[PDB]
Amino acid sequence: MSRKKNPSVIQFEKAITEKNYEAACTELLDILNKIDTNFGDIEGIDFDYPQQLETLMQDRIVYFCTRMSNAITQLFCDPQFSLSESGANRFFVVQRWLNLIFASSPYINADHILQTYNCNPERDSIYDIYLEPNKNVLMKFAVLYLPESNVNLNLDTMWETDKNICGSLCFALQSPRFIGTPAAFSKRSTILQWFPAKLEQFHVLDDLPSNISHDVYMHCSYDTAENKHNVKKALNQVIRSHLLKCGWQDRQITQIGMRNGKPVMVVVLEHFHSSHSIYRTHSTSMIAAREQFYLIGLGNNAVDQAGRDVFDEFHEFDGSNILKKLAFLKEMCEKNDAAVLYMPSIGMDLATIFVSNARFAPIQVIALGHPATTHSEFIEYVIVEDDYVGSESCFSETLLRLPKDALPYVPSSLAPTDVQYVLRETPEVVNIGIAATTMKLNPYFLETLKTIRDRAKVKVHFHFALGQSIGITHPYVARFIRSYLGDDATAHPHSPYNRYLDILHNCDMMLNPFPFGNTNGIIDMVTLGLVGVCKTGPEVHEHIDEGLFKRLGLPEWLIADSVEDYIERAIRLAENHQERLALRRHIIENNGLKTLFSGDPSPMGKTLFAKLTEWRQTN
């Protein structure tokens, strides 16, 4: 007994047998949609399996991926199977999961299907696929052109054939939470250079896969290119165009309302609950802001009691519809005549990116929940701690550089308190922890760990505690890692917080990934009395590491400028057992964790009152 019929692999297979293509696509989209809802878990997908796999999860998942891969092959190879444009649009949204069905199976990708679509026996390479001239075959091709594809595609040839298929595939290929393999990371690298100029040409999202737009926006921060955020400017323009075309008018600002003493600051949240990254970093500054401003929180039911409680009042957004949510936010700002709009995170919800492309308050502000520029006209100011900033040029907006201690962090609700420190005196093997999300893995980081293992005078074993490595994601991620580090690495799936600390607690040191580094991952490090190396760079998402290490009295040599620098320091920390133990005794004996939880939260509320006053001077 359960809310709703599960998607069935058997239902899917029966449909392909009777050649009921529309039932078959429906069952397939039902299965991918459910996986997408569960971030890769296959609980509540229906399939029979050999009893030997009852108790072996990783092997069950591979069986599932192979059986789905076999079924999708029988379907998409049938030339009698015509795919509608609506079919294709729905598949482009969930290509990330198609990628995993094949990538987590033994088959790696869908290139064997694509080869059946080649009509030119006289072709130079097996990597060149020549298509019959018709829309049907081109959409089947683009849907099955996955991140791990080894088949040639030229974006200029694709663009000139159908802009909408080409645009959709570029969205689909930026959408995965893991894009770390050479094939996937290099498709995405190329897209980020080529696509922004093509995406500007679009007036609406109506013909693109819109429900992965926020993914396109967030995920570009994880490339290495200096100009990697450009796609966000392009996208900001299309969202703006789309929004106006839905009959959106900006708020005409004409009255600053006061509630109790103060003016009103409306706060729009994506994720906010006592164990979420965003509450740990940004809750303290929002509490203290409540002395200068009256605080209205807007959020979904996901936000817990402790999250609602940091606001004078709080309202649930009633549903998923974006136009209704921006209508509710205008009503709120029009009725309270709001002075400031604050989003501590922008980019994790599509609603919040729409909000950053419209006018609701004269002063509109973001923090760095997600540490990237927005390239938006409608955002005046970015809140950020002084020691976190690299170049001011990385940001299209004006920086409000608050003093080092302006955002005192907070422990997770799930944090332990009785933590036994372990300092292994001379370990035979130095266990090296990587606390990272699948987003932060890339060929550069894994080449680097490979080179570290090859030069280290001591045996090293890497332990990856992998956020977002769930269900059908994990086999693919595991093989990516093994392809660089063989038996010298272990890929731990996404685990509950207590279990994730047990994995790190087992380690002797840690390495922060790059280009995009850790924050909450560094609190996790010092929570266990661990030390580690990190890289620094111009972007905030490169510099936070440098900042937090300095806030701990840790030395400059733990912070690298270049990759080669990183490799020397990583080795140094792994070889010199006595030195690393020193650094760990420092962080422990000087309660380093307690110093990250401490500071003056008030400077956000004062600096934003200050800016309203200056604005009010000039009406």
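The first residue of the sequence shown is number 1, and the count goes up from there.
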Higher of the two mean Cα B-factors (142 to 150, 74 to 82; per PDB record) comes from 74 to 82
May I ask you to compare 398 to 406 and 95 to 103 by their mean CA B factor in the entry and name the higher one? 398 to 406
For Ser393, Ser186, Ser175, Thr451, the deposited C-alpha B-factor is largest at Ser393
Checking the record values for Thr527, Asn301, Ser168, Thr437, which has the greatest CA B factor? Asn301
Quick check on the deposited entry: does the C-alpha B-factor of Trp159 sit in the lowest, middle or highest third of its chain? middle
Please place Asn591 in the lowest, middle or highest third of its chain by C-alpha B factor as given in the entry. highest
B-factor third for the C-alpha atom of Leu28 within its chain: lowest
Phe64: C-alpha B-factor third of its chain, per the entry, is the lowest
Which third, lowest, middle or highest, does the C-alpha temperature factor of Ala338 belong to within its own chain? highest
